[PDB]
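Colleague: Sequence, then structure. It's an experimental one.
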Amino acid sequence: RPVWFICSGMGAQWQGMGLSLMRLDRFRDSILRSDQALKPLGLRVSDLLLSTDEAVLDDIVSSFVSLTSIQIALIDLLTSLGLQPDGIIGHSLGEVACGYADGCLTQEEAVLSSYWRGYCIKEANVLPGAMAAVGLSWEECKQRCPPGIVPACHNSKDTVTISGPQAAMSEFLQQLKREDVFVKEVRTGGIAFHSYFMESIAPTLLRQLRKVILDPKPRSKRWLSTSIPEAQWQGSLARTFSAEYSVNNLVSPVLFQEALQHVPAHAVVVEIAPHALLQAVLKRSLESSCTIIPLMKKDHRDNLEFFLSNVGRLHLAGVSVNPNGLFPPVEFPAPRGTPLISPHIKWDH
């Protein structure tokens, strides 16, 4: 089976993000290295995770940093299991983390990217936006959307996230529920990402991310972009994780379903995110023959159990993962009087 890393984006946050997983050394130790990049800017991600409150789930600069810094740590645990990806797909702000997993992005360049991507947006005081996942074909959207309400995310073959004017959402959903349409709102801290709203920011962001990303590294064919049409994958822009790319990702539509297309048929898809947002979408928009696995469940009593639960599932899937890489090495030789094994290896006799 191939392994496919999927990196869920915005709306995927919640008070208490991987406070349980802080225990695990491989995790914490990576979240600390994220502080090391965020220190010259006077910011500590580990505090953002633990002084967490409503306002910081809504603060867009805390979020881009929180999500990315966690995703980057989840990815690290996955690499301790000894599980590298066959395919990679990002979904919005996730792509950043992806470019880490493909190895075009340093943990630092990755973290600081998210940080600025989020900063420049906040400081543009952009007008009250708001997104929602709504269940209609991408073309059904272009037909039935109030003016000024873009279709922004192509998730499934019949699930799309429209982006736009905060007040024009509220009264265009009061209006959709009343016809039984899939509608779950995404928490965006008020900003319409992946719409025309973003062009205003593009200049100042591009001009600044150019100082974080010198120099840009080549992307590998292992990583399918969802920010650039499959058409122009052999292009100049598409070829490298450059500032120019990071900025484009924030401005253009996320072509998710498009990438899901390329996902093989006995594939195992892991959602790498502080919360399994795209579970609905992936299961809907992919073969029944593919197993889909969360890594953390929001508001769970103890993510550390829920992650091991799923590390376990990644095994039942058939993938090659080994938990001993999460916890400190064992001191071989084993103690004397440590339970026999052969008598418990039962066969099909």
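Modeller: Right, received. Where do you want to start? Numbers count the residues shown, from 1 in each chain.
Colleague: hey, let's count contacts and neighbours off CA atoms from now on
Modeller: Fine.
Colleague: Would you mark the buried spots in stretch 44-51?
Modeller: 44, 45, 46, 48, 49 (16 or more other C-alpha atoms under 10 Å).
Colleague: could the residues you listed go into TSV alongside distance to residue 297 and secondary structure?
Modeller: Shown next, in TSV, are those (distance: C-alpha to C-alpha, whole Å; DSSP: H, G, I helix; E, B strand; the rest coil):
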residue	distance to residue 297	secondary structure
44	24	coil
45	20	helix
46	19	helix
48	19	helix
49	16	helix
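Colleague: From those residues, pick the one nearest residue 136.
Modeller: residue 49 (35.0 Å; C-alpha to C-alpha).
Colleague: Could I get the contacting residues of that closest one?
Modeller: By C-alpha atoms under 8 Å, 6 or more residues apart in numbering, the contact set of residue 49 is 15, 16, 17, 18, 19, 66.
Colleague: I'd assumed the first one was in a helix, is it?
Modeller: By that I understand residue 15. No: counting by DSSP: H, G, I helix; E, B strand; the rest coil, residue 15 is not found in a helix; it is coil.
Colleague: I'd guessed it sits against residue 58; true?
Modeller: No: with contact defined as C-alpha atoms under 8 Å, residue 15 does not reach residue 58; the gap is 10.7 Å.
Colleague: Counting neighbours, which of the contacts of residue 49 end up buried?
Modeller: Among those, those classed as buried by 16+ other C-alpha under 10 Å are 15, 16, 17, 18, 66.
Colleague: As CSV, could you dump the C-alpha coordinates of the lengthiest helix in the chain?
Modeller: In the chain, taking DSSP state H as the definition, the longest helix is helix 60-80. The C-alpha trace of helix 60-80 is given here as CSV (Å, rounded to 0.1, in the frame of the first residue of the first chain):
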residue,chain,number,x,y,z
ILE,A,60,-4.7,34.5,13.1
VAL,A,61,-1.0,34.9,13.9
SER,A,62,-1.2,32.5,16.8
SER,A,63,-3.1,30.0,14.7
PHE,A,64,-0.9,29.8,11.6
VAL,A,65,1.9,29.3,14.1
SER,A,66,0.0,26.9,16.3
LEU,A,67,-1.2,24.6,13.5
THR,A,68,2.0,24.6,11.6
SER,A,69,4.1,24.1,14.6
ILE,A,70,2.0,21.1,15.7
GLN,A,71,1.7,19.5,12.2
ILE,A,72,5.4,19.7,11.9
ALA,A,73,5.6,17.8,15.2
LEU,A,74,3.1,15.2,14.2
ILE,A,75,5.1,14.7,11.0
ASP,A,76,8.1,14.2,13.2
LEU,A,77,6.5,11.4,15.2
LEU,A,78,5.5,9.8,11.9
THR,A,79,9.1,9.8,10.9
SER,A,80,10.1,8.1,14.2
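Colleague: Who are the packing partners of it?
Modeller: helix 25-38, helix 45-50, helix 54-58, helix 94-101, helix 107-123 (3 or more C-alpha pairs under 8 Å, 6 or more residues apart in numbering; DSSP states H and E).
Colleague: Not counting its neighbours along the chain, what's nearest residue 260?
Modeller: Counting by C-alpha to C-alpha, 6 or more residues apart in numbering, residue 260 lies nearest to residue 286, which is 7.1 Å off, once chain neighbours are set aside.
Colleague: Kindly provide the distance from residue 84 to residue 76.
Modeller: Separation of residue 84 from residue 76 (C-alpha to C-alpha, to the nearest Å): 10 Å.
Colleague: again with residue 141
Modeller: Counting by C-alpha to C-alpha, the gap from residue 141 to residue 76 is 38 Å.
Colleague: which of the buried residues of stretch 44-51 lies closest to residue 226?
Modeller: For these, the nearest to residue 226 is residue 45 (26.9 Å; C-alpha to C-alpha).
Colleague: out of everything not next to it in sequence, what's closest to that closest one?
Modeller: residue 35 (5.9 Å).
Colleague: what sits against that neighbour?
Modeller: For residue 35, counting by C-alpha under 8 Å, 6+ apart, the contacting residues are 43, 44, 45, 46.
Colleague: follow-up on the earlier one: do you know which of the helices and strands packed on helix 60-80 lies nearest residue 235?
Modeller: Evaluated with C-alpha to C-alpha, the helices and strands packed on helix 60-80 place helix 94-101 nearest to residue 235, the distance being 17.1 Å.
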